[PDB]
Amino acid sequence: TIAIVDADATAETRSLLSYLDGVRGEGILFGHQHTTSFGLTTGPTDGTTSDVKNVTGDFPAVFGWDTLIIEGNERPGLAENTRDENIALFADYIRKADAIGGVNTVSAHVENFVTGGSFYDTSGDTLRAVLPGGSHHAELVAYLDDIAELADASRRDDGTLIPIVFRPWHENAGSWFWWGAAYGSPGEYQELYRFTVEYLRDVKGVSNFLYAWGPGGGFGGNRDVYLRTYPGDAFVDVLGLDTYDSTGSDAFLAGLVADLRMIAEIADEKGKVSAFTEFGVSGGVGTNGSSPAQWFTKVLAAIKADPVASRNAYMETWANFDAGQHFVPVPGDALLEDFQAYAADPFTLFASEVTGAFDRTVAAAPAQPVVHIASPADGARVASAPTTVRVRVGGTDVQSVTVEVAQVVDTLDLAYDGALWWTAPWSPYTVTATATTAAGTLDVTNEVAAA
Ligand SMILES: C[As](C)(=O)[O-]
């Protein structure tokens, strides 16, 4: 039996999670973003050819994708298409990847709902606007519905749902994305991530998703900084780390190993899976990138030389968009030889070396009882205006929920909305919710700031 975020996930999904954890320390799966949709040696793509396959002889073990496909911003998604047809093309590539024998993972560089800009547009205060009760919350819900559609469309010909590692709101420790650290307190981020899990799982019924959380990189092995944004054991299956470098220096490598063993330890302690969710040469390996000498093998060596840092299930590098920006070396790139050596190394696993990932029979541990206040989120700023307090109680039968605004200037009696939260209108420092449930009396406290 294993601790899995979706206690009622399909058998294949539970199996993948089991497989990923057992692979740790034994071998690491190599992954590549848009491996069959973007390539410099493949010619027009159709989801069946890859630069990785062409330069190493085998497809990557992990096929990474992104909701930008749905938006029609990245192939096979097309600008002219409706999100529904893009979704159809998206599922087709996942099915094909599954057929080839790889594991699928989906990240989400979500469009800025407020400005109409990209994921890089950090103006608009979009993170708070997208939180439950926010002005553009309905926009996020609709976006998540399309993802739920994608999850449902990802099925083998026999109808079996294809498992997918979903990794939303990544690299939030930095501020280059609108869901970054400068646009929302750690608490606001946690509610965004938590809502995303609950909405897809508890409201849409998605059951072939494994949830990954990777706040970024360069934590120097500091558990406290790494977990400051942590969504919680009940919301994460895979603990990630995103790190790029163009120096190849011993300092970089030392820092990397520190970070990699940190997540492996946290993972083992919690009985979860850890993985090098994103890695690569900064700026890529092409024209606008760099060619650190033997970067791939040096990084691999450092990883497998450490018994703890090697306990990570997979490592995915980025897409091969064009000559100026690509992460997997192709003929003409100085790092090609080194990358091929990295691929030939016994410790790195590719598609053909991944078998029986979805054939294991593991039981899902019962869902753990949790209670959290979706609004106002911890760390949020509350204006004098009228708001709604919403509390989420999952993994157990709830009879009642109460909230006390201390500083006890108020006491509210909530009512279930009949899908997700227990709410009550509130007209404005400490907000504590107490829910009388079958698992007993559960409470949680959020500290908010007044405007
Ligand atoms: C390649 As990225 C924007 O996920 O760091």
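Counting begins at 1 with the first residue of the sequence. In what follows, every heavy atom counts, from backbone to side chain, and hydrogens, waters and symmetry copies are set aside. Counting starts at 1 for both ligands and their atoms, following the listed order.
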Practice task
May I ask you to decide whether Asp245 forms a salt bridge with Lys298, counting only side-chain N to carboxylate O separations under 4.0 Å?
Solution key: no

Handout entry: Electrostatic pair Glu149:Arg83 at N-O distance under 4.0 angstrom
Key = no

Problem - Between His109 and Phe177, ring centroids under 6.0 Å - result: yes

Exercise for the section: Identify, with sequence neighbours excluded, every residue that meets ring-ring contact (aromatic ring centres under 6.0 Å, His included) alongside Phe339. Expected result: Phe30, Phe296, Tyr342

Practice task
Just jot down the ring-ring contact (aromatic ring centres under 6.0 Å, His included) partners of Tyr226, sequence neighbours excluded, or say none.
Solution key: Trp213, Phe219

Problem - By ring-ring contact (aromatic ring centres under 6.0 Å, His included) - contacts of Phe113 (at least two apart) - result: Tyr143

Table of N or O contacts for ligand 1, cutoff 3.5 Å:
unit_1, atom_1, unit_2, atom_2, d
ligand 1, 4 (O), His109, NE2, 3.2
ligand 1, 4 (O), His170, NE2, 3.1
ligand 1, 4 (O), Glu278, OE1, 3.1
ligand 1, 4 (O), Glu278, OE2, 2.6
ligand 1, 5 (O), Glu171, OE1, 3.3
ligand 1, 5 (O), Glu171, OE2, 2.9
ligand 1, 5 (O), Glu278, OE1, 3.0

